[PDB]
Engineer: 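One structure coming up, written as structure tokens, with questions to follow.
For reference, positions follow the sequence shown, starting with 1.
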Amino acid sequence: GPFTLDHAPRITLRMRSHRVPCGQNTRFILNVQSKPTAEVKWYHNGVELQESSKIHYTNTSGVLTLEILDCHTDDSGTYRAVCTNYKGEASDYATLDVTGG
């Protein structure tokens, strides 16, 4: 059948928790495989993230990137990507530790 190969999102490359010196820009990367293609939502400490001068995420054929610019203490904490399709969901979280330069 046309929907036999449909499957819940599968994250094959997960985000890496990491440190960044205060003031630098930093990135999280993950890769999801999903049929049909999954909806993607980003969160910082539980609150859904939007594109802004501070936050830029991309999504190219499942390759997902989140950039945070000019990192300060407020930017520390948990970043979570949640990938959803009708078959199920996959979530990945990682921690950003903003440190001294």
Engineer: Enter the distance from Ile29:CD1 to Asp92:CG here, rounded to the nearest 0.5 Å.
Structural biologist: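 Going from CD1 on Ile29 over to CG on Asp92, the span is 12.0 Å.
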Engineer: Could you tell me whether the side chain of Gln33 and the main chain of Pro9 form a donor-acceptor pair under 3.5 Å?
Structural biologist: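 The answer is no, because no donor-acceptor pair under 3.5 Å joins these two groups.
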Engineer: What is the distance from atom OG of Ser34 to atom CZ of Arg10, rounded to the nearest 0.5 Å?
Structural biologist: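 One finds 8.5 Å between OG of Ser34 and CZ of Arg10.
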Engineer: Is there a side-chain contact between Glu67 and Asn25 (heavy atoms, below 4.5 Å)?
Structural biologist: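 With C-beta onward as the side chain, the pair touches.
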Engineer: Could you tell me whether the side chain of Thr84 reaches within less than 4.5 Å of the side chain of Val82, counting heavy atoms only?
Structural biologist: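 They are in contact (side-chain heavy atoms under 4.5 Å apart), so the answer is yes.
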Engineer: Is the side chain of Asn85 donor-acceptor paired with the backbone N or O of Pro36 at a distance under 3.5 Å, no angle test?
Structural biologist: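 Yes; at least one donor-acceptor contact below 3.5 Å.
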Engineer: Can you check side chain to side chain contact (heavy atoms under 4.5 Å, CB included) on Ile11 and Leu13, steps first, answer last?
Structural biologist: CA-CA 6 Å; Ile11 298 173; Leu13 169 64; 5.7 Å; no
Engineer: Salt bridge or not for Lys35 and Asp6, using N-O below 4.0 Å?
Structural biologist: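 So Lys35 does not pair with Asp6 through a salt bridge.
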Engineer: Quick check for you: to the nearest 0.5 Å, what is the distance between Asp75 atom CG and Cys22 atom SG?
Structural biologist: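 Going from the CG atom of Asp75 to the SG atom of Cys22 covers 8.5 Å.
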Engineer: State, with a plain yes or no, whether a side-chain heavy atom of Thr73 is found less than 4.5 Å away from one of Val98.
Structural biologist: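 A side-chain contact is absent here, since even the closest heavy-atom pair is not under 4.5 Å.
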Engineer: Check whether more than 12 heavy atoms from other residues, nucleotides or ligands sit under 6.0 Å from atom CD of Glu39, and answer yes or no.
Structural biologist: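 Check fails, neighbour count at 12 or below.
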Engineer: So do the side chains of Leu66 and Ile68 get within less than 4.5 Å of each other, counting heavy atoms only?
Structural biologist: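 The answer is yes; the side chains approach within 4.5 Å.
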Engineer: Is there a side-chain contact between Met15 and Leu30 (heavy atoms, below 4.5 Å)?
Structural biologist: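 Yes, close enough: below the 4.5 Å cut-off.
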Engineer: Once side-chain contact (heavy atoms from CB on, under 4.5 Å) is applied, do any residues pair with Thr58, and if so which ones, sequence neighbours excluded?
Structural biologist: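 Checked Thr58 against side-chain contact (heavy atoms from CB on, under 4.5 Å); matches are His56, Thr65.
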Engineer: As a test of understanding, state which of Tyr79, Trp42, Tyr43 forms a ring-ring contact (aromatic ring centres under 6.0 Å, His included) with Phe28.
Structural biologist: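 For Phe28, the ring-ring contact (aromatic ring centres under 6.0 Å, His included) check succeeds only for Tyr79.
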Engineer: Closer than 3.5 angstrom, by distance alone: can the side chain of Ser52 be matched with the main-chain N or O of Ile55 as a donor-acceptor pair?
Structural biologist: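 It does hold such a pair.
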Engineer: Measure the CZ-OG1 distance between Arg80 and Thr95 for me, rounded to the nearest 0.5 Å.
Structural biologist: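 It comes to 9.5 Å.
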Engineer: If I take atom OG from residue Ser76 and atom NE2 from residue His44, how far apart are they, to the nearest 0.5 angstrom?
Structural biologist: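 One gets 7.0 Å once the value is rounded to the nearest 0.5 Å.
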Engineer: Could you tell me the separation between the CG atom of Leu96 and the SG atom of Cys71, rounded to the nearest 0.5 Å?
Structural biologist: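 Atom-to-atom, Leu96:CG and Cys71:SG are 5.5 Å apart.
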Engineer: Does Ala94 offer a backbone N or O that forms a donor-acceptor pair with the side chain of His18 under 3.5 Å?
Structural biologist: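 Checked: no pair found.
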Engineer: Taking the side chain as every heavy atom from C-beta outward, state whether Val20 and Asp97 have any atom pair closer than 4.5 Å.
Structural biologist: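 A side-chain contact under 4.5 Å is absent here.
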Engineer: So, does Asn59 use its side chain to make a donor-acceptor pair with the main chain of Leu64 at under 3.5 Å?
Structural biologist: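 Looks like no, no N/O pair under 3.5 Å.
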